[PDB]
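The data block below is my_file_14.txt; it holds compact mmCIF, C-alpha atoms and all ligand atoms.
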# COMPACT_ATOMS: atom_id res chain seq x y z
CA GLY V 458 0.00 0.00 0.00
CA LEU V 459 3.04 2.23 0.15
CA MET V 460 3.06 1.73 -3.64
CA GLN V 461 -0.52 3.06 -3.86
CA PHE V 462 0.49 6.28 -2.02
CA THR V 463 0.25 9.62 -3.82
CA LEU V 464 1.35 12.85 -2.15
CA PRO V 465 -1.23 15.65 -1.89
CA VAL V 466 -0.88 18.31 -4.56
CA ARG V 467 -0.76 21.20 -2.08
CA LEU V 468 2.41 19.74 -0.46
CA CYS V 469 4.55 19.44 -3.69
CA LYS V 470 5.67 23.02 -3.18
CA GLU V 471 5.90 23.09 0.62
CA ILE V 472 8.34 20.10 0.67
CA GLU V 473 10.79 22.17 -1.34
CA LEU V 474 11.35 24.77 1.40
CA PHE V 475 14.37 24.17 3.61
CA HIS V 476 12.28 25.02 6.67
CA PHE V 477 9.53 22.45 5.93
CA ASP V 478 8.19 20.49 8.93
CA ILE V 479 7.21 16.86 8.38
CA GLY V 480 5.78 16.86 11.93
CA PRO V 481 2.05 16.87 11.19
CA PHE V 482 2.15 14.34 8.31
CA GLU V 483 3.00 11.13 10.18
CA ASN V 484 1.00 8.70 8.01
CA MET V 485 2.55 10.16 4.85
CA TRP V 486 6.21 10.14 6.02
CA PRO V 487 7.30 6.99 4.09
CA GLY V 488 5.51 8.15 0.98
CA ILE V 489 7.11 11.52 1.66
CA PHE V 490 10.49 9.79 1.39
CA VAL V 491 9.26 7.94 -1.71
CA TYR V 492 8.21 11.25 -3.23
CA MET V 493 11.63 12.78 -2.52
CA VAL V 494 13.57 9.87 -4.02
CA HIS V 495 11.46 10.03 -7.18
CA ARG V 496 12.09 13.77 -7.62
CA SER V 497 15.88 13.84 -7.17
CA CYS V 498 16.67 10.33 -8.44
CA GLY V 499 13.67 9.74 -10.69
CA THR V 500 11.13 6.95 -10.59
CA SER V 501 12.52 3.82 -12.20
CA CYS V 502 15.72 4.52 -10.29
CA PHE V 503 14.80 1.58 -8.08
CA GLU V 504 12.36 -1.22 -8.62
CA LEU V 505 9.32 0.10 -6.77
CA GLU V 506 8.49 -3.13 -4.90
CA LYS V 507 11.85 -3.44 -3.11
CA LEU V 508 12.05 0.29 -2.38
CA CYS V 509 8.82 0.21 -0.35
CA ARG V 510 10.02 -2.94 1.43
CA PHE V 511 13.37 -1.40 2.32
CA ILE V 512 11.55 1.66 3.69
CA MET V 513 8.97 0.21 6.09
CA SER V 514 11.52 -2.26 7.45
CA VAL V 515 13.82 0.65 8.31
CA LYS V 516 10.84 2.15 10.12
CA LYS V 517 10.39 -1.18 11.91
CA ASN V 518 14.04 -1.01 12.94
CA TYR V 519 13.89 2.43 14.59
CA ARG V 520 13.09 2.26 18.30
CA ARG V 521 10.40 4.04 20.34
CA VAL V 522 12.98 6.44 21.80
CA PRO V 523 12.11 10.14 22.33
CA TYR V 524 14.37 11.81 19.72
CA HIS V 525 16.48 9.34 17.67
CA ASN V 526 13.27 7.69 16.32
CA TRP V 527 11.63 7.36 12.88
CA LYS V 528 10.55 11.03 12.87
CA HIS V 529 14.22 12.03 12.90
CA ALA V 530 15.35 9.80 10.03
CA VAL V 531 12.70 11.37 7.77
CA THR V 532 13.44 14.93 8.92
CA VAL V 533 17.09 14.45 8.07
CA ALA V 534 16.01 12.70 4.88
CA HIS V 535 14.11 15.85 3.98
CA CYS V 536 17.04 18.20 4.63
CA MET V 537 19.19 16.15 2.27
CA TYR V 538 16.50 16.35 -0.41
CA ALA V 539 16.40 20.15 -0.02
CA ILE V 540 20.19 20.53 -0.33
CA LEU V 541 20.45 18.29 -3.42
CA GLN V 542 17.52 20.04 -5.10
CA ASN V 543 19.32 23.34 -4.63
CA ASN V 544 22.69 21.90 -5.84
CA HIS V 545 21.73 19.29 -8.34
CA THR V 546 24.42 19.36 -11.08
CA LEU V 547 27.08 19.08 -8.36
CA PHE V 548 26.23 15.59 -7.08
CA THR V 549 26.27 12.43 -9.22
CA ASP V 550 23.43 9.93 -9.33
CA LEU V 551 25.12 7.52 -6.92
CA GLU V 552 25.61 10.35 -4.44
CA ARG V 553 22.04 11.67 -4.71
CA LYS V 554 20.59 8.20 -4.09
CA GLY V 555 23.21 6.98 -1.62
CA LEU V 556 22.80 10.11 0.48
CA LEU V 557 19.01 9.99 0.56
CA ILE V 558 19.31 6.36 1.70
CA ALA V 559 22.14 7.20 4.10
CA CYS V 560 20.11 9.88 5.85
CA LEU V 561 17.00 7.72 6.20
CA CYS V 562 19.20 5.03 7.80
CA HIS V 563 21.80 7.03 9.73
CA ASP V 564 20.47 6.27 13.27
CA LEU V 565 19.16 2.74 12.81
CA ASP V 566 18.26 1.06 16.14
CA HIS V 567 19.42 3.92 18.32
CA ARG V 568 18.79 3.10 21.98
CA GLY V 569 18.84 6.77 22.98
CA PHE V 570 22.23 6.44 24.73
CA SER V 571 25.34 8.45 23.87
CA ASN V 572 28.55 7.05 22.47
CA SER V 573 30.16 7.99 25.82
CA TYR V 574 27.54 6.13 27.88
CA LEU V 575 28.20 3.04 25.76
CA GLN V 576 31.94 3.56 26.02
CA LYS V 577 31.75 4.43 29.76
CA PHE V 578 29.87 1.26 30.80
CA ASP V 579 31.41 -1.41 28.55
CA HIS V 580 28.40 -1.94 26.32
CA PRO V 581 28.73 -4.86 23.89
CA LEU V 582 28.46 -2.28 21.11
CA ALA V 583 31.56 -0.31 22.18
CA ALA V 584 33.34 -3.68 22.29
CA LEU V 585 32.70 -4.41 18.62
CA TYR V 586 32.81 -0.69 17.72
CA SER V 587 35.47 1.06 19.81
CA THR V 588 35.34 4.59 18.33
CA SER V 589 32.30 6.16 16.63
CA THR V 590 30.32 3.38 18.27
CA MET V 591 26.69 3.90 17.30
CA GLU V 592 27.54 4.93 13.73
CA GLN V 593 29.49 1.75 13.05
CA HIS V 594 26.29 0.11 14.27
CA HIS V 595 23.87 2.22 12.19
CA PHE V 596 25.87 1.22 9.11
CA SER V 597 25.80 -2.43 10.23
CA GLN V 598 22.03 -2.20 10.61
CA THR V 599 21.69 -0.57 7.18
CA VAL V 600 23.57 -3.31 5.29
CA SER V 601 21.59 -5.86 7.30
CA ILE V 602 18.27 -4.67 5.90
CA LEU V 603 19.72 -4.36 2.36
CA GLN V 604 20.84 -8.00 2.33
CA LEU V 605 17.37 -9.25 3.15
CA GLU V 606 15.57 -10.88 0.24
CA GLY V 607 13.32 -8.54 -1.66
CA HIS V 608 15.28 -5.67 -0.10
CA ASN V 609 18.40 -5.05 -2.24
CA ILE V 610 17.45 -1.92 -4.19
CA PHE V 611 20.99 -1.32 -5.45
CA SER V 612 21.20 -4.92 -6.57
CA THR V 613 20.34 -4.12 -10.19
CA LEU V 614 23.48 -2.03 -10.85
CA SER V 615 27.16 -2.83 -11.31
CA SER V 616 29.08 -4.26 -8.38
CA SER V 617 31.64 -1.48 -8.89
CA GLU V 618 28.78 0.98 -8.57
CA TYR V 619 27.37 -1.18 -5.77
CA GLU V 620 30.51 -0.93 -3.61
CA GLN V 621 30.73 2.82 -4.28
CA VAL V 622 27.18 3.41 -2.96
CA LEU V 623 28.19 1.24 -0.02
CA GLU V 624 31.25 3.32 0.73
CA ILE V 625 29.44 6.64 0.18
CA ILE V 626 26.76 5.41 2.53
CA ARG V 627 29.24 4.26 5.21
CA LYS V 628 31.05 7.60 5.43
CA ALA V 629 27.91 9.72 5.62
CA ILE V 630 26.61 7.53 8.45
CA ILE V 631 29.93 7.77 10.36
CA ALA V 632 30.01 11.53 9.61
CA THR V 633 26.89 12.05 11.73
CA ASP V 634 29.27 11.38 14.71
CA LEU V 635 29.46 15.00 15.91
CA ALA V 636 32.88 14.40 17.49
CA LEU V 637 34.44 14.02 14.03
CA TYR V 638 32.44 16.96 12.69
CA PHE V 639 34.63 19.54 14.45
CA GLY V 640 37.81 18.47 12.64
CA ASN V 641 35.87 18.26 9.36
CA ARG V 642 34.42 21.81 9.55
CA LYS V 643 37.76 23.33 10.65
CA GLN V 644 39.60 21.48 7.86
CA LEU V 645 37.02 22.62 5.29
CA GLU V 646 37.56 26.21 6.48
CA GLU V 647 41.28 26.27 5.62
CA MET V 648 40.79 24.66 2.21
CA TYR V 649 38.31 27.47 1.55
CA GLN V 650 40.67 30.03 3.11
CA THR V 651 43.75 28.82 1.20
CA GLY V 652 41.79 28.33 -2.04
CA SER V 653 42.77 24.63 -1.95
CA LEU V 654 39.31 23.08 -2.32
CA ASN V 655 38.76 20.85 -5.34
CA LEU V 656 35.40 19.15 -5.91
CA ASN V 657 37.29 16.94 -8.37
CA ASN V 658 39.23 15.64 -5.35
CA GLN V 659 37.33 12.57 -4.15
CA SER V 660 38.69 13.08 -0.62
CA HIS V 661 37.52 16.70 -0.62
CA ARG V 662 34.00 15.70 -1.71
CA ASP V 663 33.94 13.22 1.16
CA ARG V 664 34.47 16.05 3.67
CA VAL V 665 31.90 18.34 2.05
CA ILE V 666 29.34 15.53 2.22
CA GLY V 667 30.05 15.01 5.91
CA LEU V 668 29.38 18.67 6.53
CA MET V 669 26.05 18.24 4.71
CA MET V 670 25.26 15.26 6.90
CA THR V 671 25.88 17.26 10.08
CA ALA V 672 23.71 20.12 8.85
CA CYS V 673 20.97 17.61 7.99
CA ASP V 674 21.41 15.85 11.34
CA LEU V 675 21.13 19.15 13.25
CA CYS V 676 18.45 20.67 10.99
CA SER V 677 15.87 20.68 13.80
CA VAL V 678 17.44 24.05 14.63
CA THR V 679 16.54 25.34 11.15
CA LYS V 680 12.72 25.44 11.51
CA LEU V 681 10.17 28.11 12.32
CA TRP V 682 10.34 28.87 16.04
CA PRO V 683 7.28 26.80 17.09
CA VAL V 684 8.67 23.69 15.36
CA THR V 685 12.20 24.11 16.75
CA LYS V 686 10.96 24.69 20.31
CA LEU V 687 8.81 21.54 20.39
CA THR V 688 11.73 19.44 19.09
CA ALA V 689 13.94 20.59 21.94
CA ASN V 690 11.42 18.85 24.21
CA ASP V 691 12.11 15.62 22.36
CA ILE V 692 15.88 16.13 22.44
CA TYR V 693 16.20 16.61 26.18
CA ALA V 694 13.64 13.93 27.03
CA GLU V 695 16.24 11.49 25.67
CA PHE V 696 19.34 13.22 27.12
CA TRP V 697 17.43 13.35 30.42
CA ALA V 698 16.76 9.60 30.24
CA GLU V 699 20.53 8.98 29.86
CA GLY V 700 21.02 11.32 32.77
CA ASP V 701 18.53 9.42 34.91
CA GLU V 702 20.26 6.04 34.73
CA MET V 703 23.53 7.78 35.55
CA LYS V 704 21.88 9.07 38.72
CA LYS V 705 21.00 5.44 39.52
CA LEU V 706 24.67 4.55 39.03
CA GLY V 707 25.69 7.16 41.60
CA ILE V 708 27.14 9.66 39.07
CA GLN V 709 26.01 13.25 38.49
CA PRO V 710 25.27 13.60 34.74
CA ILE V 711 26.60 16.51 32.70
CA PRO V 712 24.27 19.54 32.74
CA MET V 713 22.97 18.88 29.22
CA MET V 714 21.62 15.59 30.56
CA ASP V 715 20.32 16.84 33.91
CA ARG V 716 16.55 17.24 34.14
CA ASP V 717 17.01 19.09 37.44
CA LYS V 718 18.88 21.89 35.61
CA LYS V 719 15.93 22.74 33.25
CA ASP V 720 16.38 26.46 33.86
CA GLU V 721 19.74 26.35 32.03
CA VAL V 722 18.33 24.76 28.84
CA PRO V 723 17.95 28.20 27.17
CA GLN V 724 21.51 29.07 28.14
CA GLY V 725 22.98 25.91 26.61
CA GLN V 726 20.79 26.30 23.54
CA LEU V 727 22.62 29.57 22.87
CA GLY V 728 26.00 27.98 23.63
CA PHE V 729 25.10 25.13 21.24
CA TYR V 730 24.10 27.44 18.39
CA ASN V 731 27.21 29.52 18.79
CA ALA V 732 29.65 26.61 19.28
CA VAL V 733 28.30 24.11 16.72
CA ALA V 734 25.23 25.27 14.81
CA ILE V 735 26.32 28.63 13.41
CA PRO V 736 29.83 27.30 12.54
CA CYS V 737 28.32 24.30 10.71
CA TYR V 738 25.79 26.15 8.51
CA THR V 739 28.29 29.03 8.01
CA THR V 740 30.91 26.79 6.36
CA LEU V 741 28.22 24.85 4.47
CA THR V 742 27.06 28.19 3.03
CA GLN V 743 30.53 29.33 2.01
CA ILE V 744 30.74 25.98 0.23
CA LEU V 745 27.17 25.58 -1.12
CA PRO V 746 25.83 29.16 -1.31
CA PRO V 747 22.33 28.04 -2.42
CA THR V 748 21.95 26.63 1.13
CA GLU V 749 21.93 29.98 2.93
CA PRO V 750 18.35 29.57 4.25
CA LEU V 751 19.63 26.88 6.60
CA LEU V 752 21.96 29.57 7.95
CA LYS V 753 19.32 32.31 8.19
CA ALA V 754 16.80 30.17 10.13
CA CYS V 755 19.44 28.95 12.61
CA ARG V 756 20.19 32.64 13.29
CA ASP V 757 16.48 33.36 13.64
CA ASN V 758 16.15 30.63 16.29
CA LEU V 759 19.28 31.90 18.03
CA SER V 760 17.47 35.23 18.40
CA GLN V 761 14.52 33.44 19.98
CA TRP V 762 16.65 31.54 22.51
CA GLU V 763 18.24 34.91 23.18
CA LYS V 764 14.75 36.27 23.80
CA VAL V 765 13.93 33.36 26.19
CA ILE V 766 17.05 33.98 28.28
CA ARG V 767 16.46 37.73 28.57
CA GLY V 768 12.75 37.27 29.11
CA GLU V 769 12.42 39.84 26.25
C1 LIG V 801 21.83 23.06 30.39
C2 LIG V 801 22.59 22.70 29.14
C3 LIG V 801 23.98 22.78 29.10
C4 LIG V 801 24.71 22.43 27.97
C5 LIG V 801 24.01 22.02 26.86
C6 LIG V 801 22.63 21.93 26.84
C7 LIG V 801 21.92 22.26 28.01
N1 LIG V 801 22.14 21.60 25.58
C8 LIG V 801 23.23 21.51 24.84
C9 LIG V 801 23.24 21.01 23.48
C10 LIG V 801 22.22 20.36 22.94
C11 LIG V 801 22.25 19.63 21.67
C12 LIG V 801 23.18 18.62 21.47
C13 LIG V 801 23.27 17.95 20.27
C14 LIG V 801 22.44 18.26 19.23
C15 LIG V 801 21.47 19.28 19.37
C16 LIG V 801 20.58 19.67 18.35
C17 LIG V 801 19.67 20.65 18.58
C18 LIG V 801 19.64 21.25 19.82
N2 LIG V 801 20.44 20.95 20.82
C19 LIG V 801 21.37 19.96 20.60
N3 LIG V 801 24.39 21.78 25.53
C20 LIG V 801 25.67 22.27 25.09
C21 LIG V 801 25.74 23.33 24.20
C22 LIG V 801 26.96 23.73 23.69
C23 LIG V 801 28.11 23.03 24.00
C24 LIG V 801 28.03 21.91 24.80
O1 LIG V 801 29.27 21.32 24.70
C25 LIG V 801 29.53 20.10 25.40
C26 LIG V 801 30.57 19.33 24.59
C27 LIG V 801 29.96 18.45 23.50
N4 LIG V 801 30.59 18.56 22.18
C28 LIG V 801 31.82 17.76 22.10
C29 LIG V 801 31.50 16.28 22.27
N5 LIG V 801 30.57 15.82 21.24
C30 LIG V 801 30.26 14.40 21.42
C31 LIG V 801 29.35 16.63 21.29
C32 LIG V 801 29.67 18.11 21.12
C33 LIG V 801 26.83 21.55 25.40
MG MG V 802 23.76 9.17 15.44
ZN ZN V 803 20.87 11.65 13.72
Encoded form using structure tokens:
Amino acid sequence: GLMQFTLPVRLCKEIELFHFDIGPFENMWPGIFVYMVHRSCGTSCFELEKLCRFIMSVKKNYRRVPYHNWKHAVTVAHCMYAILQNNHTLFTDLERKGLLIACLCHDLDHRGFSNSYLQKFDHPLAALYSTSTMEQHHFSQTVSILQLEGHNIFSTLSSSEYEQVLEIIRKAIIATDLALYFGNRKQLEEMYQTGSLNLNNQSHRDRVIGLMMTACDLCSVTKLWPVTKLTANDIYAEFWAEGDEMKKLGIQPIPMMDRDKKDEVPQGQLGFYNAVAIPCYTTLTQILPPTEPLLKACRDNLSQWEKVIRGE
């Protein structure tokens, strides 16, 4: 029945705004991803049957966590659509499709716990995956649903193209590890500064993609102020859960994860925009200037968080 889905006509335009909120369209979200794949990769880019199977199974394999759920895969999926539709002769076909898949899958089977939590308490996952722990998992989940029968959508294409869309997908998933993002954005800055970028350089494109993935991952902060505010509530409800179990293991969680410090959430929202969010969308704009609305909205929300703190 995901093949019988057709997107309402009035939405066709609204989806194309960077600021678009998928929030109120929960039933349509998988067809919303179908729509987006068929507009930037074309219908008949996959066999329909296996593309609807691969989608609902990925939904099945996202947990009922507060933030890193199905809603977030699709939201990031959207942001990637928006960036590729505003940059379309820059990215090949195997990037445009790999990256729409990568986004939809980038947090597969999140358990709402941070890399550090896993690493701090000897989780089985940080035993297999020692650094960038959840992302090595999210990419292991992704392959696992691809290799199910009736699920390999890249199967009908060359194995040299098939390993490329594997290795594009891997990187973008790992890139959503915000700890690596800092080095990536500072390295991109110099190459811009020194005029040493080269989009012919396959290792430079890899960085630029990773920037895009971080922007897409963080794009909750690029909505209209009512949308952004209500997503904060989801974000901390998960951080707070990871705080909670640290308070059962005797340890005082970091303020970000401390429900009992609620009055400082506005303060850290400003510190987060200024230390991560503005830097990210600033470099991504210097690099892809059609994606300046991501930058402008992030600034708009910064103003609002400013207005919360001041009580203005
Ligand atoms: C009371 C309080 C205090 C601090 C809070 C805080 C609340 N909320 C945040 C950040 C909310 C956040 C985190 C991640 C993704 C979002 C997307 C949208 C909105 N928010 C968020 N932070 C915050 C903001 C800025 C900096 C900060 O730095 C801590 C160091 C973390 N760095 C380095 C280590 N890597 C793993 C993560 C980034 C923490
Ligand atoms: Mg992640
Ligand atoms: Zn994510």
Within 8 Å of ligand ZN 803 (chain V) (all atoms listed in the file), residues as a PyMOL selection string: chain V and resi 525+529-530+533+563-564+633+674-675
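Inspection of the environment of ligand MG 802 (chain V), which uses all atoms listed in the file and a cut-off of 9 Å, identifies the neighbouring residues as residues 525, 563, 564, 565, 567, 571, 572, 591, 592, 595, 630, 631, 632, 633, 634, 635 and 674 of chain V.
With a cut-off of 6 Å and using all atoms listed in the file, the polymer residues contacting ligand LIG 801 (chain V) are residues 635, 636, 675, 678, 712, 713, 721, 722, 725, 726, 728, 729 and 732 of chain V.
The nearest approach to residue V:483 among the residues V:586, V:511, V:696, V:527, with all atoms listed in the file taken into account, belongs to V:527.
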Please identify all polymer residues within 12 Å of residue V:648, counting only C-alpha atoms, omitting same-chain residues fewer than 5 positions from it, and present them as JSON, numbers by chain. {"V": [641, 642, 643, 653, 654, 655, 656, 658, 661, 662, 664, 665, 740, 743, 744]}
Which residues, written as a PyMOL selection string, have at least one atom at most 8 Å from residue V:509, with all atoms listed in the file counted and residues fewer than 3 positions away on the same chain left out? chain V and resi 459-460+491+505-506+512-513
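Residues of protein, DNA and RNA with at least one atom no farther than 10 Å from (21.9, 4.4, 24.7) are, using all atoms listed in the file, residues 522, 566, 567, 568, 569, 570, 571, 572, 573, 574, 575, 580, 591, 695, 696, 698 and 699 of chain V.
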Mind pulling up the distance from atom CA of residue V:640 to atom CA of residue V:532? 24.9 Å
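In this comparison, which uses all atoms listed in the file, the residue of V:622, V:498, V:692, V:603 approaching residue V:526 most closely is V:692.
In this structure, atom CA of residue V:502 sits 8.7 Å away from atom CA of residue V:554.
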Ranking V:508, V:660, V:667, V:617 by minimum distance to residue V:638 and counting all atoms listed in the file, which one comes first? V:667
Could you name the residues that touch residue V:747 at 8 Å or less, counting all atoms listed in the file, but leaving out those on the same chain fewer than 4 positions away, as a PyMOL selection string? chain V and resi 543-544+742
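When all atoms listed in the file are used to measure the gap to residue V:748, the shortest distance among V:679, V:599, V:650, V:593 belongs to V:679.
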Of the listed residues V:465, V:458, V:700, V:723, that which approaches residue V:686 most closely, counting only C-alpha atoms: V:723
